[PDB]
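Trainee: Opening piece of a complex, kept in its complex position:
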Amino acid sequence: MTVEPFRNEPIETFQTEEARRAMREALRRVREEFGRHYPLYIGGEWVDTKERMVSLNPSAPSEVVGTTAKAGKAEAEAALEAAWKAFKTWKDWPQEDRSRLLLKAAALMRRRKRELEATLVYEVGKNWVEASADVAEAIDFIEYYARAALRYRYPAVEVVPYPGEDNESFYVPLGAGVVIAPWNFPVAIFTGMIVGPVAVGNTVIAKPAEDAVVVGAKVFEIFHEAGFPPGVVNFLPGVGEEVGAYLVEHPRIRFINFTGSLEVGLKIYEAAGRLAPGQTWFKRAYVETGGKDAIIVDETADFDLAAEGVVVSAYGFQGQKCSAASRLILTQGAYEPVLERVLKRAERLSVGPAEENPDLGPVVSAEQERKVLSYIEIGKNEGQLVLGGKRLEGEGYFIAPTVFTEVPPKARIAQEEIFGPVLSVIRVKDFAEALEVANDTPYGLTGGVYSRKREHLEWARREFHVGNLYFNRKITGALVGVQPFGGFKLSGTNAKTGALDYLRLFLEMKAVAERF
């Protein structure tokens, strides 16, 4: 198979009339379908259930954006039988044929990208550019994994020769496993976690987050139209601690690919370590969890650049990103100038229904709102509230861009993942202390430094212990292929998505010798 060198899908800015018109048309088409019901997808067919999942517009939660079927234990069992039955022949597909299937799904997705972005707007309250970058990342994952998979094709392993013998080592896929996905990148991450394992010959049961069941269904419409054989990808919307826990714990689940909270990640990794009755393997579990990400700014930085970058990182998608800057660590000389600039910028951010393309839309659910508001109550005790900190008017879950200052490094709001538009500002003496404070959390996902001092940047390269570090730019929006993505410590297992290494996680190796 020969295709163009990988390039990232362009993220639509909507600066042109044509792009704005195209988005308006998609928003309209999407909302005209708010009444749709999407069944489960099992063994190549849409299969409905008696019970259902309801999906709301977090910008107007009296508005239903759609409903899906609801998978319980029996549907989980049916998905298993279908996935294992498919694995038997899907594993034997030439790699070029599997890679071509992915390339088809990418092209189908690329043709439906405005519709997908409009679904993200309405279903999870992403503004226009956030939605665009989510869909573009999903496309990138498919394009990138299609190509990367060929690097593993029969027989890919470099071995030492031996006289009188052929020694052949090669990779094979593991089997059927479960993908359990978050609501916050419910096209991109949902899509990458599924197609990476599938590309190399594994089969997948995908469990979308409750808050994003509708857009996950539309991803499966693309999978179905691309023509994945029956049982290869299966769609099981349902309750995480029910159907998800059942599959994680199952003796016939071979691997688990998880992105989500640390709380859940810890349970999953623990259950994966256990031999379920009748299980005949050591389960592989990949769990990519949260962060408490910091940006450091020292007195040498471009303060305007820093402030813009901080505001993008802290408040993009209302701070509901594992990559979000939730801590701003400022050296003595950077403290006032950067903080004043951050407050000026952030106080100008608009908040409202996502479809109007505000700076911030709503947080995703009533539960998210309750959790973010509780952390704001905690923070009022721990630091100084200087901006926002309030629910805004309307039914939608609108929360103001929030800033706490004089936050002690060990405060709960300086330690725990709030996952909303809440920035904790920490004042430190110098760069060494800034690094100490950055490293001193259980987490290690993203981090940023604004500085013109080469020695500070190169020092951070070696000692700011996060899996994704950025200098003099935002810390969010890791691009497939460019910035392998994944963290250290309690940010997860360092499965680097959008990287050649990712596929190896879903392969095992056989070594066959023939003595002639």
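Mentor: That came through fine. Residues are numbered from 1 along each chain as shown, chains lettered A, B, ... in the order given.
Trainee: so who does residue A:490 touch?
Mentor: Shown in contact with residue A:490 (CB atoms under 8 Å, 6 or more residues apart in numbering): A:262, A:289, A:290, A:442, A:443, A:444. To be clear about C-beta, it is placed using only N, CA and C from the backbone, and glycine gets the same treatment.
Trainee: What subset of those residues is buried?
Mentor: A:262, A:289, A:290, A:443, A:444 (16 or more other CB atoms under 10 Å).
Trainee: Now the last one. Nearest residue, chain neighbours left out?
Mentor: Leaving out its chain neighbours, the residue that sits closest to residue A:444 by CB to CB, 6 or more residues apart in numbering is residue A:488, at 3.3 Å.
Trainee: Domain boundaries for chain A, per the record?
Mentor: Using curated CATH domains, the domain ranges for chain A come out as A:1-289+A:480-516, A:290-479.
Trainee: Does residue A:398 touch residue A:349 like I think?
Mentor: No. Here residue A:398 does not reach residue A:349: they are 11.6 Å apart, not a contact under CB atoms under 8 Å.
Trainee: who touches both of these two?
Mentor: Jointly contacting residue A:398 and residue A:349 under the rule CB under 8 Å, 6+ apart are residue A:360.
Trainee: Looking at the two, which one has more neighbours?
Mentor: Remark: of residue A:398 and residue A:349, residue A:398 carries more neighbours, 24 against 16, as counted by other CB atoms under 10 Å.
Trainee: Chain B next, sequence below:
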Amino acid sequence: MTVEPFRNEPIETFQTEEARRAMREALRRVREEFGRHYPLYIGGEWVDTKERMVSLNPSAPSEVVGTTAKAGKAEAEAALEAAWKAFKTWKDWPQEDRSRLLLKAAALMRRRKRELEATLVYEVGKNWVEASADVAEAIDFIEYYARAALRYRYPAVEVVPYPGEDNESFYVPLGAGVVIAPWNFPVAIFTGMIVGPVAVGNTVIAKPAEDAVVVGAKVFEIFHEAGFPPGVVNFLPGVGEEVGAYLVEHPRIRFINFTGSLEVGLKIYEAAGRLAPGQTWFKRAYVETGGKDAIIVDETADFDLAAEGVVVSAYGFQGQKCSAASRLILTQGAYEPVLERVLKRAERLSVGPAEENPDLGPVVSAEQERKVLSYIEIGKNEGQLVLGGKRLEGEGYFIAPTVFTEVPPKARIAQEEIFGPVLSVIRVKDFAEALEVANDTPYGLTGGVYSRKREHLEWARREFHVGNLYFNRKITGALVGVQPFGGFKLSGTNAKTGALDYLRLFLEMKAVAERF
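Mentor: Chain B goes in next, on the same frame as the chains above:
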């Protein structure tokens, strides 16, 4: 760093009078040194204790080969401080500097190889060639990992460039981890599991098997002479279920590299999945556990070639190998002619003290002996005893080569790892049925087919589900670099030793972007 391309260390066969002379002298000197005491090795110094580990000669268990110090909790804590402290600066060595240190350790081990072989003969009851293969394999691990580590050096990761930015991804070592090793390859596997992680910048606390603590101290004598900095490598002989479990479960242990019984490996892997109080990472655990390894023979095979490889595979080191043929699966037309040839060869095998270079020495301990004899009694009620089945006269732990035939595929002796000189012969109709029976165990480590039929060989290549498969040759003795070693299913986590992939298991990845 530029060295000669890797070549495997030649395995001495003691055919030349020169080799015999060298080996006699080495055995004499080791025997003359019986009763010697070896302390722990922690933070670069030999540290003694009040309690001791006693190492007996399984050929004459009245004889004390030597004793070691004994690590409990306090020594585990001292070793942990020493390893983490060492790690801080060891991780920053250039890869070339670390690789040269491995190369120096290999040159030193090679200079001491007759003495280390002699030590294995006396301590674990290896005959001369089995001892020579073990030491040569340990040399090979060091030479191989020294070179393979350079493939991962700063910055090794292939990324997509982005306008206006440098994007640099690179590998870093994990931290301090524990290595827990078996008695059956106490030089090769003990060395490989240590120097792999250490090559790429990790530090290691090493826990040798109770039955092989003396040869483990001698490997540490080599490390100490080579000049590994204080803390990089630590030697903690002790009780597996005491000090070993303590480290496996410790919040400050970063990874666990384990080779041994499935029973223990299940416990380690389960414990590794738990977050111990105060732990700040997801533990990595590699467990390579046993097998129930079969050789298939069909009627097209060279029956003399088969009989010979079966005997070598079944009985080499007394069947005490994770790779040993413990099942012989014979199609109907192969049954009589192969079984006859196997019985004729096996009844001529000599059994006696290892220093005499017999075909078989003793099993390793009174507990191994008890267990093997017990399985023999079980086997007597499951299949037909046609050879051996007896303890031999003498104080050493000598068990005659044993064959059961007409064994049911689901018999305990056809399913459970006996780890002794006990072969179970299974009669099947055809190659298709041969393959079903071969695959139908909890394990997936090694396998073999003797056949001249290309379609049967190529069928097995695709469907004989073992990590290490061999055609028309023995199924033991996988060579570093040539045959990446590791299994499927409950034979472990498929960490492939002596392959480039192995070292990636002890690294994590950082992605650092600078926007200019």
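Trainee: What about the contacts of residue A:490 again, now that chain B is present?
Mentor: Neighbour list for residue A:490: A:262, A:289, A:290, A:442, A:443, A:444, B:280, B:281, B:282 [criterion: CB atoms under 8 Å, 6 or more residues apart in numbering or on different chains].
Trainee: Sort out which of the residues you listed are in helices and list them.
Mentor: Among the contacts of residue A:490, DSSP state H puts residue A:262 in helices.
Trainee: can you list the contacts of residue A:490 in JSON lines and add distance to residue B:134?
Mentor: Shown next, in JSON lines, are these (distance: CB to CB, whole Å):
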{"residue": "A:262", "distance to residue B:134": "44"}
{"residue": "A:289", "distance to residue B:134": "42"}
{"residue": "A:290", "distance to residue B:134": "47"}
{"residue": "A:442", "distance to residue B:134": "43"}
{"residue": "A:443", "distance to residue B:134": "44"}
{"residue": "A:444", "distance to residue B:134": "40"}
{"residue": "B:280", "distance to residue B:134": "38"}
{"residue": "B:281", "distance to residue B:134": "34"}
{"residue": "B:282", "distance to residue B:134": "34"}
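Trainee: Closest one of the contacts of residue A:490 to residue A:224?
Mentor: Nearest to residue A:224 among the contacts of residue A:490: residue A:289, at 30.9 Å, using CB to CB.
Trainee: so residue A:158, which of the three states?
Mentor: What DSSP: H, G, I helix; E, B strand; the rest coil gives for residue A:158 is coil.
Trainee: What is the nearest of the contacts of residue A:490 to residue A:226?
Mentor: Nearest member of the contacts of residue A:490 to residue A:226, counting by CB to CB, is residue A:289, at 30.5 Å.
Trainee: next up, chain C:
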Amino acid sequence: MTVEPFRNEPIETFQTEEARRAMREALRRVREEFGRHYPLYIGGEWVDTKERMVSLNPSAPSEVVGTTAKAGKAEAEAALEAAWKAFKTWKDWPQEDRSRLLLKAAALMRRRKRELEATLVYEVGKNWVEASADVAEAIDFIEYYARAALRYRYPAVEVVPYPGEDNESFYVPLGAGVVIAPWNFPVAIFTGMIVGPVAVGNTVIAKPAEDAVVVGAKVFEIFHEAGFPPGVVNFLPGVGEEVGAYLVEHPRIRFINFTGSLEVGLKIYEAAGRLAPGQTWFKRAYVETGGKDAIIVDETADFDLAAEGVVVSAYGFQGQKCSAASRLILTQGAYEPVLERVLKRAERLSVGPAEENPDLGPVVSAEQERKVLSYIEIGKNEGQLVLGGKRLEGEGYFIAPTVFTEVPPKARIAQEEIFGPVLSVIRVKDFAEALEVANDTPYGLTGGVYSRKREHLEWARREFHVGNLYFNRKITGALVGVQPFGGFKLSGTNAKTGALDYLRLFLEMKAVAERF
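Mentor: Chain C goes in next, on the same frame as the chains above:
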């Protein structure tokens, strides 16, 4: 598939007492087996006929080395059905599977090499070293083509990518073809012409030379033991102008791979260009035909080195090589000193039955003998006879080493391939005239220059118009891999044996585009 890098099979010289012992035993056993009957081999089974081919010992033609079955039209038809049917599934084998089958065939031939050399000594009158070179060359073809075939595997072709599309180009084998081989290298060339096409997925009907049918059956014994599927390779000893022509002209024959006389090669190539009734393709035909090969010597040469290489080149296997020096072109200052040295060396050559390991055995048949003696009589009227020119006493076909001097460049004996121990010496003024005379024949196979002058060597490199040119060494004995073998002009189609290019001749290319 990973094997050791290619190395040429060492050519036995029988200097060691061990080699002499092995060769004496092998000759004794072949001699003891005289009169054995070998059937055809078709669709994987040995198939006898009523008629037979008789194979005589040219050293004692009263002795029947053996007999074979004889293929006419019906057997050609059965072989065609078998080859096309085999082709349907053989073309779909992974390249690695087909290459391993070649490797197994090479290991088997190597194990039988003394017996095959012994068979050549008796059947075609090779002395021991000539027989050893022939078998070693056949081993080399298999080893070489097994590896070279992997360079062409799915999808091998380098193409330009295109937006929105996968473009995949790859090679497929042609079909079933006929191989028609000479008697003079009945192991090497017979094997190479067969296993080349077969390696990459073609099937072959093989027609050995009448004088070498016994050693051809023995090569087929090797194929059959190796396990080539029924139909992939078929053995049809028979009359070239009967069954050979029948296949060349058949509408269902896809390609023809031919080595032999120019006269036959002209007919084959002419017939291949015709569309037989109902034929659905343009036939491919490779014809490698004879030479009139010269060595040039100038006055700068080492005259002893030259005399020695000339004698080896002219007289090795009785001058019965397409590569043999049949012309010695001497500049004026080289004329006397080289001719004297050549005459002195050649008059010491021993001639006798091949089993005695003489310098020269007999020519291959009564017809070869008639033809060579007839050319000798022609030569007597064209140049000056200065050595030999006689039949020797005895029943075997023994002809003395023969030299003619002052031969006109346009003499029949200086133009036409005699294929016997007959050297024509031509006297020229200078290196320029040496080159004109060298180029002025219908042929362009092998050539040689002895000279120390760099400008003459480098001039010849550019302008001595032969496919295989050699400086300061013999011009026979081209090694697989080292010296791609094949000529220019009426020495054939320049299908270069033992080179990567050879296999491309038996493949065609498909280009498949998917627009996503």
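Trainee: Please reconsider the contacts of residue A:490 now that chain C is part of the model.
Mentor: A:262, A:289, A:290, A:442, A:443, A:444, B:280, B:281, B:282.
Trainee: my guess is it is in a helix, correct?
Mentor: Yes. Using three-state DSSP, the assignment for residue A:490 is a helix.
Trainee: Nearest residue to the residue in the stretch 201-350 of chain A that chain B sits nearest to in space, please, no chain neighbours.
Mentor: Closest approach between the stretch 201-350 of chain A and chain B, counting by CB to the nearest CB: residue A:273, at 2.2 Å. Leaving aside its sequence neighbours, residue A:273 sits nearest to residue B:273 (CB to CB, 6 or more residues apart in numbering or on different chains; 2.2 Å).
Trainee: if I read this right, the one you found contacts residue A:266, doesn't it?
Mentor: No. Using CB under 8 Å as the test, residue B:273 is too far from residue A:266 to be in contact (9.4 Å).
Trainee: Between the two, point out the one with more neighbours.
Mentor: residue B:273 (20 against 17; other CB atoms under 10 Å in any protein chain shown).
Trainee: Against residue B:146, how distant is that one?
Mentor: Distance, residue B:273 to residue B:146, using CB to CB, to the nearest Å: 32 Å.
Trainee: Quick check, the residue of the stretch 201-350 of chain A closest to chain B in contact with residue B:275.
Mentor: No. Here residue A:273 does not reach residue B:275: they are 10.8 Å apart, not a contact under CB under 8 Å.
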